[PDB]
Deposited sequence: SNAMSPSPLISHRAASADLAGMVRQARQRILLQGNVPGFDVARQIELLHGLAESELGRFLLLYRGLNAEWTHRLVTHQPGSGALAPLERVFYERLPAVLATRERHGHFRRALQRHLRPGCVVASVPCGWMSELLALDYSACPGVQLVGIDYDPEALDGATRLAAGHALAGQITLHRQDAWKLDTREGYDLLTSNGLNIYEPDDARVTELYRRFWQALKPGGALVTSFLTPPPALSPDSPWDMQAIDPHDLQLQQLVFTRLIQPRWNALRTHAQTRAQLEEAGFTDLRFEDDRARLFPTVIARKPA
């Protein structure tokens, strides 16, 4: 488990996080569509869920939960009723599954025989292990992650895979990446959205650029700001169910309080990537434009 190391049992910290969320409900009262009692029911649904508990405690996703959430097939599995609504209806969850699809299409398009593909942070390597390698013999896969549990999980997920022997894993802080021209393709999801400082994200992109061979490509992603937050929000409100958005807003803002709130526009992301040395940017937007994918080229 992610915790201890807080030196306490996770159950003790969880009770605290639940108490704090309950107080925020009681002190702030009703919201449109969800009275106090209903909010308390939502909090209980979170606390009864394995993923819900992880989010209450840690306020972000790790390798395990990114994989399990992103690869969830709607209607499948053993989920409690409310838990299933969270897995299947929240606009941001729908968006990250769309994004996952765009990552797969982009990586597949750019794959060539013998190429070296890196994922940073690799997590369980869900996207790379899902690709079709039938016409790309000799691909080498590289996974970098700072979480030893992520690397263990990648190994376990790849154990029966055709490319199990083509994987090299490294425990490294992604923010300190210093590979020089080692990869043809690099994919990254779930780092920039946790870093509110724009310059720190630009520097991460620069390390990605430095790690790519000339002519290589980066596939990454970013969460975008909603209309309340930015005059330049790309959100298509006609592509978002109003009630499910209200549900997400209550769950995120009041209950979980997620750490993935470094939201950036297409133009901001373009500026960062161009500063880092990338050209020929292509954006692959999800339907509501909550979580675009970007493919960025390093000049030959």
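- If you line the structure up with the deposited chain, the stretches without a C-alpha atom are 1-2, 8-10.
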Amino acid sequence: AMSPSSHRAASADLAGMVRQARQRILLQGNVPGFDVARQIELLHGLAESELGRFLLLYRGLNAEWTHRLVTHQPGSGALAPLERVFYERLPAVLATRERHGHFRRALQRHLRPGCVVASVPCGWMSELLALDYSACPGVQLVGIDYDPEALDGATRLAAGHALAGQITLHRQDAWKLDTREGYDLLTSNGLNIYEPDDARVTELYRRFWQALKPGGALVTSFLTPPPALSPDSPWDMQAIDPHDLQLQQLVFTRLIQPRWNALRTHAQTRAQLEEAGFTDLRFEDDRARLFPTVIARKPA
From here on, numbers count along this sequence of modelled residues.
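- Comparing 203-211 with 162-170, the stretch with the higher mean C-alpha B-factor in the PDB entry is 162-170.
- Look at the C-alpha B-factors of 14-22 and of 277-285. On average they run higher in 14-22.
- Comparing C-alpha B-factors across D152, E195, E98, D145 in the deposited entry, the largest value falls on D152.
- Between the residues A271, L263, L57, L42, the entry's highest C-alpha temperature factor is the one at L42.
- For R259, the recorded CA temperature factor ranks within the lowest third of the chain's modelled residues.
- In the deposited entry, the Cα temperature factor of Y183 places it in the middle third of its chain's modelled residues.
- Among all modelled residues in this chain, the alpha-carbon of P226 has a temperature factor (C-alpha) in the lowest third.
- The entry lists a Cα temperature factor for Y133 that places it in the highest third of the chain's modelled residues.
- When the modelled residues of the chain are ordered by their C-alpha B factor, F103 lands in the lowest third.
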